[PDB]
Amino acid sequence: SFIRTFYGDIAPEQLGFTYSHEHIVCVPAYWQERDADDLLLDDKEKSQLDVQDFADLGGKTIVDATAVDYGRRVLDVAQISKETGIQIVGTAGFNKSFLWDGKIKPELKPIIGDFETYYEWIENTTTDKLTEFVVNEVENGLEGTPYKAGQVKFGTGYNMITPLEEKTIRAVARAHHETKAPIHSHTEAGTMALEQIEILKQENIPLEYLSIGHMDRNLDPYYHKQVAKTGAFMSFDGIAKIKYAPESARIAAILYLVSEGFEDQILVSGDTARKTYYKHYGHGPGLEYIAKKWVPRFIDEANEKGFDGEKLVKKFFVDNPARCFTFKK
């Protein structure tokens, strides 16, 4: 088996230290149209400086969760990978339905069809044709480029799975059946994981093939244990996001799952989606933050609370991503 990166399929042992959910260069139509400039990562050289910080700290791989509705700049990301040496796992599929109001860029029309918005495209395209689109991103390349995606994604809304969202879940599940690519989901504020899981079960998807994004947004031990029992990977990707929770709260939730025997299912990242989050755009914590500052604190705090901090860090950033992001064949 293998992990599919922009520059080739690699052995799991080659993945190394990994951030499991990030954004690098992207210009989401929905946000661009609303002049939300902070959500546009629109400078390749600035993004590259953060990725280089990661590389300098011993980082090896970034999973780039930018989906088709989030304004990919695949060629820029590929160039960054080439220049920094950081391996990139790209993402096929969809991010979240509120983005679908955004206009379809000219480059997508030859691939997707002559549709004004993502909503129009998704509403008027059969599930099977949506599956074809996702499969082609994994097998042929993203957005007319030769850089293939290494995971397939879908997303749901705040305490909602709409009919169209459900359609995309089924399209992505079926794309998994064809390609065997790992599956990632967006949960809005950490909601709807159990309902996502029910749809995937109807589609005959083994749940250990799924990583669920944004579990750190809903810090509920009972809910987390319900999700973990299915075998799904659980992504804590809001590290440093004090506006959502203090770091202690995220760390406590992680350690609860460890105490209940689920350490092998935990993934960690920063979901760095803003200029103000990048060191070299707006002087935020940057891609350096987790490796440089969070890791030593987690190790220390976990050790203080009786855990094996170093072993856990190795699992969260090395062993677990190597298990999660391998194709299922």
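Start at 1 with the first residue shown and count on from there.
Taking the mean C-alpha B-factor of each stretch as recorded, 112-120 and 127-135 are not equal, and the higher mean is that of 112-120.
The PDB entry records a higher mean C-alpha B factor for 22-30 than for its counterpart among 262-270 and 22-30.
Residues shown: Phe98, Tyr209, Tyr222, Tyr158. Highest C-alpha temperature factor in the entry: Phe98. Annotation for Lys180, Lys229, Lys103, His184: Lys103 ranks highest, by Cα B-factor.
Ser47 sits in the middle third of its chain by CA B factor, as recorded in the PDB entry. Compared with the other modelled residues of the chain, the Cα B-factor recorded for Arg73 ranks in the highest third. Annotation for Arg323: C-alpha temperature factor in the lowest third relative to the rest of the modelled chain, per the entry. When the modelled residues of the chain are ordered by C-alpha B-factor, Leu142 sits in the highest third. Ranked against the other modelled residues of its chain, the C-alpha B-factor of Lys167 as given in the entry falls in the middle third.
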